[PDB]
Amino acid sequence: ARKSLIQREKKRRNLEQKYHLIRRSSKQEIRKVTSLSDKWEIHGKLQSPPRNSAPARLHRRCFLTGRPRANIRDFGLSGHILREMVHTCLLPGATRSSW
Amino acid sequence: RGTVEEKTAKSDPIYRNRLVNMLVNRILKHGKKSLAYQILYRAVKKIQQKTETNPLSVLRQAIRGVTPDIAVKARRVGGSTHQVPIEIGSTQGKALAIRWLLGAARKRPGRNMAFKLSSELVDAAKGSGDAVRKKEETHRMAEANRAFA
Amino acid sequence: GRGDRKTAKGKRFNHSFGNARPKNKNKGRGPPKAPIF
Amino acid sequence: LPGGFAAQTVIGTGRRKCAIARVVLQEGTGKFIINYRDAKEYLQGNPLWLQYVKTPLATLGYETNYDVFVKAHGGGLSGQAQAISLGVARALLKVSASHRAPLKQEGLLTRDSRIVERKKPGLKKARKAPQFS
Amino acid sequence: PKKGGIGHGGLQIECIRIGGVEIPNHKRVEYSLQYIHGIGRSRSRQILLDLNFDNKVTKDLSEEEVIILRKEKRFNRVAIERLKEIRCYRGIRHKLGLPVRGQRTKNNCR
Amino acid sequence: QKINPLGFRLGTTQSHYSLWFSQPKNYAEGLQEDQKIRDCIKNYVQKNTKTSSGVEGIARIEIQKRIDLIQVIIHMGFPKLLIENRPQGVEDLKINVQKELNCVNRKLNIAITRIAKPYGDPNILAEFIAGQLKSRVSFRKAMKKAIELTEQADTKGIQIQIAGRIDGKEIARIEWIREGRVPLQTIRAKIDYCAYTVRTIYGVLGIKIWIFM
Amino acid sequence: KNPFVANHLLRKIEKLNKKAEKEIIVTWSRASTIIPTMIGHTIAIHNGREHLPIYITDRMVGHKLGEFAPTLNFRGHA
Amino acid sequence: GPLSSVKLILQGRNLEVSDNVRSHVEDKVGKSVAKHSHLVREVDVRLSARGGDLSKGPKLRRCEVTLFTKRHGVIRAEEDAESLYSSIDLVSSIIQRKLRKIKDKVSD
Amino acid sequence: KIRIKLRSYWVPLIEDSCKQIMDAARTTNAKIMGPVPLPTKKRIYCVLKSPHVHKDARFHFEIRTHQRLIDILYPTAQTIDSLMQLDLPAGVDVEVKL
RNA sequence: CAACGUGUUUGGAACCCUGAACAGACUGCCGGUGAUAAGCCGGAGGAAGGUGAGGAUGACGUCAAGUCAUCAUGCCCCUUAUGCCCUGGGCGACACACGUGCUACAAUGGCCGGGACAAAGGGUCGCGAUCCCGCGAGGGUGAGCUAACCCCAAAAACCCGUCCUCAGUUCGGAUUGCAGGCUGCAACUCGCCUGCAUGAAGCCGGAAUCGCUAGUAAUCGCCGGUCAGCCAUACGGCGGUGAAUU
């Protein structure tokens, strides 16, 4: 896409690995409500201040071009780029079968 | 296109008849062949309960009174549309016969399809109901225009 | 029919689970009809 | 039903589309078994299916003469019955091959090309197309 | 027969006939064939009067014909009070499970 | 419109290049690694021979992973032009390629091979007509020059398509010349093609070379 | 299970409901709940462009805030 | 198509349409296919403009009119003129010949 | 006692690589279970063909993961050194399990 | 495939299947027709007979067709902005119009109970078997599986019984209310799903119009992709039953 949005996904990924295990391992302890049910509402206050470290906000664009849509996830590439890395003998095993 | 490869037509499942198997294929609606099978053999077990002859006899004698010998083919010459009648073949008259018989059998209400096909079937066996009247109204139209060819 | 999501055929069409289309037929069922005699 | 055989003496194979069927054809009476059920209760009443099972033996008129308990899976019931039928035909070939001339003259040793065509992209059911106006 | 306030069903099969009542609970129709152990397949004809008493009591046990009309329209005068988007789309009779209304909203466009 | 030959013939007579066999998340990461290696080699030789005189013509970059060791073969036609003469070319290649793979510190052997006849290899010949055509030389002189330049160097059949905006125009054209058999449909036939984009001053040109061998 | 509150709105509760009552005070973050310690306060809900003053009764309790503020200025001769 | 006629459908591409434009459309197209006695189903009049002071190329106004009639097929006419009004009058003439082709071919 | 798995995208490489591994394993030691071909993990992908709007006429290509199980019976020291002697195949993924 | 009673415990490679190589079908043989030929019609053999079936495949070219929002780029233009970051909206509005699909309008039907048989896929941040709680969506516990092992996963139409057996109905399920659950910082605008409540229109459709020549049409389910979850009734596939007509 644009040059900004690739680095949007980059810096959003840096905020993911910044305190991924810390904040979501905290949520591993919040949802464990065996000890208490009514309290910890404020402790959702401590859930709050990661904002772009929400993994719901993290996309997966095509790394070679950057189309946010039609990313076949098992290859990491987009729709149309995936042809010319099959049609140029580049992807191994892409035997274009038309059974 | 030239032609169709000749034909393959098997006989009835339990009576070994090429007509009644044709009728069980025509009562078939979307693949439910065991149910159409069920409707036809409940109609035969119904027809043994109404009268006491062979169901081949009341069936074939019924469809003799539905089959037309001639029908209207609205043809064209020079842009002029003649309603000229052309003599229909035999197995074509079979397919049209159980066609009108079956669709007219899907109109008479009251009870399940065994009673419906039974009632319109004996009406074909007595010259009443609607299938043989449909034979007449498609038969008295080609009779009405013999002034063409 | 198939949109009738309060039925079994409707939940089978919707790819969901409720009373009428159960998992583990021992477990989970609506009220049972009693025509009797 | 018990009373096993555990061998492969006079076998026959058959396969309609996803429905395979292996048969063993024992010189018996006729109480014959699809996998571990009766023929009536497995072929689910009497449609044409049971009659396709009864077709090759009644071609030679060997209804009393044999007992063909069948091991079969895959596919649905009609094609499984057809694969039973051609299993009977290839089994009868492998006992008394002089029955080639009655069996092959009818359509019993052949195999139909019944195979579901694949969806073709831009269509809906390998021939069904979306309408346009 | 006649059931609780004014409403009643025809002379048909009993489960279906209780379905003909204004506003009963169909799962509790099925429970009213189970707690009372009423014979559902038998019609509304051939019912003992003790079974009719048990039916009228158990139908008093849950909210019904006029009562649910009253409370739902209480949530409709509630749905006049406090200026909500549901209420604003009922001043203008839209749909509030939210279809895309760029086309085809004719449960309410009429 | 027409399918491209190196895509079409992949089951037989044409082999893949990035020849390493893996699992899905590791497939995406291995494809990352492949693309950065081809980037570093292409950008490397383009820089360190842009300062040098002529064109290089690197056709294939095969990447193979037997063990934790990566064989990289480079198929250029003029391999003497690359090295700094003891071996220091391929040594500095190995430095900058080691710069972007050292997740698991696994060894890699960058080799280099010769094209048998460099005019007969459509990426190299497409680079030649790219270079001369990027200079101010007409389509006809340069394109016929590529044809007789090819047929002196033993090629069965050839097709050259040069796309729009030839010498001075504001209407795009296509100009293709063929000699001999180029059967694009025959699956056994072993046609190798290239599709190079020339980035000129008054526009973009497209060269597409099919070679039937 | 747990209603959801924006924490600056919680600090608006902890600022006005601890010291003294007040007025129109602005919030973003439309998705918050009612929280019956907010009744009588006027909350300014963002509607796409501006902030609206909406008085909060005890009848409005058990919902979220932007049901009260419409976002589309459809006057409408459609 | 003011009343009783085929159903009118406009398309405006690169063009803010006015009163005089679509008024001239329904009056010239509609009132020149007003002596019709045709139950044509649908008229799609797609009225795009291009070039000149808008972009690169000469000043163009290009109309396509398509009639999805019952009466022996579908027809379309695209003309490109210096003004909107010359476009729509010119397509109006073309569709007069195409409809007289249809009506006159229904003979005998 | 050892099971090695051979997965690839290429049939002459598993054919020739498993060919020579079976060759060396037979000529260096005793009886060894043959290569059983266990079936093809093959999977398909539909790629929207044209860049812009052409929803029909797409390009669905399929990747084929061939695999053979091959089992060597008895771990002998020069046989383990025979198998670990051969770091031969070009890409074919080999795995070890009991 | 077989035994032991509900394993890796024993045999066998004999069926099936997997998957590499080979063979086969080429008007090859026969008859007859045709300038002797191309062929054409039939017959035998054969699993298959005249492109066996389906696919991939798409010449020179057209529409100066579509794409400068996949990507690359000539030229032009903006540059303390036509660039960039963040929160809320919006792409989901709604008098109407056009198009494609799904559900239906019922007794070949609908419901309930009990029975029966698939294929192809997907899955180690996952798929999640078992047991318990809950009417349920779901919660916990988490054995087994890097996949021919395990799980998703119950296939459904179909068969056998009970009811309605002609009604706007036990057809149909729209819309709305109350109460929940899940995902995720967050579910109001704008997610899905469960439990109850309501039961709209709709009795096979005017003018016109579309798909299909056989395992096809019609019909019944299952899976995948993207994906935290979903708007999917779509798309890409896969089986089941399975025609009529030329």
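Residues numbered from 1 in each chain as written, not as in the entry; some residues may be left out. Chains lettered and ligands numbered in written order. Part of a larger assembly, values for the part shown. Heavy atoms only, no water.

Operational definition: UniProt positions are given in the numbering used here, feature names are shortened, and annotations may be inferred rather than shown by experiment.
As recorded in the PDB, this entry has the title "Structure of the 30S small subunit of chloroplast ribosome from spinach". The Function comment attached to chain F in UniProt states, word for word, "Component of the chloroplast ribosome (chloro-ribosome), a dedicated translation machinery responsible for the synthesis of chloroplast genome-encoded proteins, including proteins of the transcription and translation machinery and components of the photosynthetic apparatus." UniProt, in the comment section headed Sequence similarities, describes chain F in these words: "Belongs to the universal ribosomal protein uS3 family."

**Some remarks on the overall build of chain C**
Applied cut-off: The helix count covers DSSP runs of H or I at least four residues long, the strand count covers runs of E at least two residues long, and both are numbered beginning at the N terminus. Only protein chains enter the accessibility calculation, which uses a 1.4 Å probe; a residue whose area is less than 20% of its type maximum is buried, one above 50% is exposed, and one in between is partly exposed. Using the Shrake-Rupley algorithm and a 1.4 Å probe, accessible areas are obtained, with residue cover drawn only from the displayed protein chains.
The number of helices and strands found in chain C is one helix and zero strands. With the C-alpha coordinates of chain C rotated into their principal frame, the extents come out at 35 × 20 × 10 Å. Burial analysis of chain C (37 residues in total) assigns 16% to the buried set. For chain C, the computed accessible surface area is about 3,300 Å², with 51% contributed by carbon and sulfur atoms.

**Some thoughts on the packing of helix α1 (residues 18-26) of chain B against helix α2 (residues 33-50) of chain B**
Packed helix pairs are characterised by how far apart their axes lie and by the angle those axes make with each other. Residue and element names in this part refer to chain B. We count it as follows: For helices, the fitted axis covers only the stretch in contact; all axes are lines through C-alpha atoms, and the angles between them, taken along N-to-C directions, range from 0 to 180 degrees. The labels follow the angle: roughly parallel below 35 degrees, roughly antiparallel above 145, roughly perpendicular from 65 to 115, and oblique for the rest. For any pair of crossing helices, the crossing counts as left-handed if the nearer helix is rotated counterclockwise from the farther one by less than a right angle, and right-handed if it is rotated clockwise. By the convention used here, residues are in contact when the closest approach between their heavy atoms is within 4.5 Å. For this scheme, ten residues count as nonpolar: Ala, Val, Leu, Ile, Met, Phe, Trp, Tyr, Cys and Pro. Four count as charged, namely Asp, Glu, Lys and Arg, and the remainder, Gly too, count as polar.
Relative orientation of the contacting elements α1 and α2 amounts to 125 degrees, with a least axis distance of 9 Å. When the interaxial angle is binned, α1 and α2 end up oblique. Considering how the two elements wind past one another, α1 and α2 form a crossing that is right-handed. For the pair α1 and α2, the contacting residues are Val20, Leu23, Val24 and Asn25 in the first and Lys33, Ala36, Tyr37 and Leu40 in the second. Considering only residue class, the contact of α1 with α2 consists of six nonpolar, one polar and one charged.

**Quick word on the UniProt feature "domain: KH type-2" in chain F**
Within this structure's numbering, the places UniProt gives as "domain: KH type-2" are residues 45-116 of chain F. The span residues 45-116 of chain F is 24% helix and 33% strand, and its two end C-alpha atoms sit 21 Å from each other.

**Regarding the side chain of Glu16 of chain A**
Test applied: Positive charges come from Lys and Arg, negative ones from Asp and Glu, while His and the chain ends are left out of the count. Take a side-chain nitrogen of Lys or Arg and a carboxyl oxygen of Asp or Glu: if they are within 4 Å of each other, that pair is a salt bridge.
Residue position: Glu16 of chain A is located in helix α1 (residues 3-30). Buried charge without a salt bridge: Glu16 of chain A, with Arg24 of chain A as the nearest opposite-charge side chain at an N-O distance of 5.3 Å.

**Observations concerning the protein's contact with RNA strand J**
This is how the line gets drawn: Any residue with a heavy atom positioned within 4 Å of a molecule or strand is treated as near that molecule or strand. Side-chain atoms alone can form a polar contact between residues adjacent in sequence; in general such a contact is a pair of N or O atoms within 3.5 Å, and within protein one must be able to donate a hydrogen while the other accepts it.
Inspection of the region around RNA strand J gives 183 residues, with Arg96 and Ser98 of chain A, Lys104 and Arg114 of chain D together with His26 of chain E positioned closest. Backbone atoms, meaning sugar plus phosphate, form 82% of the atoms of RNA strand J positioned within 4 Å of the protein. With respect to RNA strand J, the side chain of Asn112 of chain B contributes an N or O atom lying 2.8 Å from a sugar or linking oxygen. Between RNA strand J and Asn19 of chain C, the relevant distance is 2.8 Å, taken from a sugar or linking oxygen to a side-chain nitrogen or oxygen of the residue. The element that contributes the greatest number of residues to the surface near RNA strand J is helix α1 (residues 8-14) of chain C, accounting for six residues. Residue composition of the surface near RNA strand J, by class: 56 nonpolar, 56 polar and 71 charged.

**Things to note about the interface of chain I and chain F**
Cut-off, in case you're wondering: Two parts placed together each lose some accessible area; with a 1.4 Å probe, that loss summed over both constitutes the buried area.
With 14 residues of chain I at the interface, the matching set in chain F holds 12 residues. In this assembly, chain I packs against chain F so that about 1,100 Å² is buried in total across both faces, 62% of it on carbon and sulfur atoms. Together, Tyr9, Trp10 and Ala90 of chain I form the three largest contributors to the area buried by chain I at its contact with chain F, with a combined 46%. At the junction of chain I with chain F, the criterion picks out zero salt bridges. Counting every contact that joins chain I to chain F gives two residue pairs in polar contact. Of the residues that constitute the side of chain I that touches chain F, the class distribution is eight nonpolar, two polar and four charged.

**Some words on the sheet that holds strand β1 (residues 11-15) of chain D**
All names here are of chain D. Basically, it comes down to this: We treat two strands as partners when DSSP finds at least two bridges between them.
What the three strands build is an open sheet, ordered β1-β2-β5; its pairing is antiparallel. The sheet is open, and its two borders are formed by β1 and β5 (70-73), each paired with just one other strand. Taken over all neighbouring pairs, the strand axes of this sheet differ in orientation by 10 degrees on average, direction set aside. When β1 meets strand β2 (residues 20-24), the two strands line up antiparallel, connected through five bridges. Counted as the bridge partner of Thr13 is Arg22 from β2.

**Details of the interface of chain F and chain A**
Contacts between chain F and chain A engage 20 residues on the former and 16 residues on the latter. Across the chain F to chain A interface the summed buried area is about 1,700 Å²; carbon plus sulfur atoms make up 64%. Sorting the residues of chain F by area buried against chain A places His16, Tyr27 and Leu31 of chain F first, and these three jointly supply 33% of that buried surface. Taken together, the connections running from chain F to chain A amount to zero salt bridges. Counting the contacts that link chain F with chain A gives six residue pairs in polar contact. Of the residues forming the side of chain F that touches chain A, the biggest block, seven residues, is contributed by helix α2 (residues 24-50) of chain F.

**Details of the domain arrangement of chain F**
All names here are of chain F. Rules: Each domain span listed reflects an automatic or database assignment of domains.
For chain F, the domain assignment lists domain 1 (15-116) and domain 2 (117-213). Together domain 1 and domain 2 conceal approximately 740 Å² of surface at their shared face, both sides included; 63% is due to carbon and sulfur atoms. In this structure, the connection of domain 1 to domain 2 is made through one salt bridge. Between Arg60 and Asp192 there is a salt bridge whose closest N-O contact spans 3.9 Å. Take the side of domain 1 that touches domain 2: its biggest share by element is three residues, from strand β2 (residues 58-67).

**Describing the arrangement of the chains**
In this assembly nine pairs of chains touch, with chains A and F having more contacts than any other pair. With no contact formed, the shortest span from any C-alpha in chain E to any C-alpha in chain I equals 23 Å. A gap remains between chain H and chain I, with no contact made and the closest C-alpha atoms lying 19 Å from each other.

**Things to note about the packing of helix α4 (residues 122-134) of chain F against helix α5 (residues 139-151) of chain F**
Residue and element names in this part refer to chain F. Where α4 meets α5, the axes come as close as 10 Å, and the angle between the chain directions of the two elements is 150 degrees. By the angle class used here, α4 and α5 are roughly antiparallel. Relative to α5, the crossing made by α4 is right-handed. Counting all contacts with α4, which are made through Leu125, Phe128, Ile129 and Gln132, the residues of α5 involved are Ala142, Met143, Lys145, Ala146, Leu149 and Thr150.

**A word on the sheet that holds strand β3 (residues 60-67) of chain H**
Residue and element names in this part refer to chain H. Strands sit in the order β1-β2-β3-β4 across an open sheet of four strands; the sheet is mixed. Looking at strand neighbours, the two that pair on one side only are β1 (7-13) and β4 (75-81), the edges of this open sheet. Between one strand axis and the next, the sheet turns by 15 degrees as a mean value, whatever way the strands run. As paired strands, β3 and β4 are joined by seven bridges and run antiparallel to one another.

**Observations regarding the pattern of salt bridges**
Residue and element names in this part refer to chain F. For the structure on display, the rule yields 24 salt bridges over all chains. For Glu29, the salt bridge is made with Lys25, and the minimal N-O distance between the two is 2.5 Å. A residue pair is termed a helical-turn pair when its members lie 3 or 4 positions apart in one helix, as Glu29 and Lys25 do in helix α2 at four residues. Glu29 sits in the partly exposed class, given a relative accessible area of 37%.

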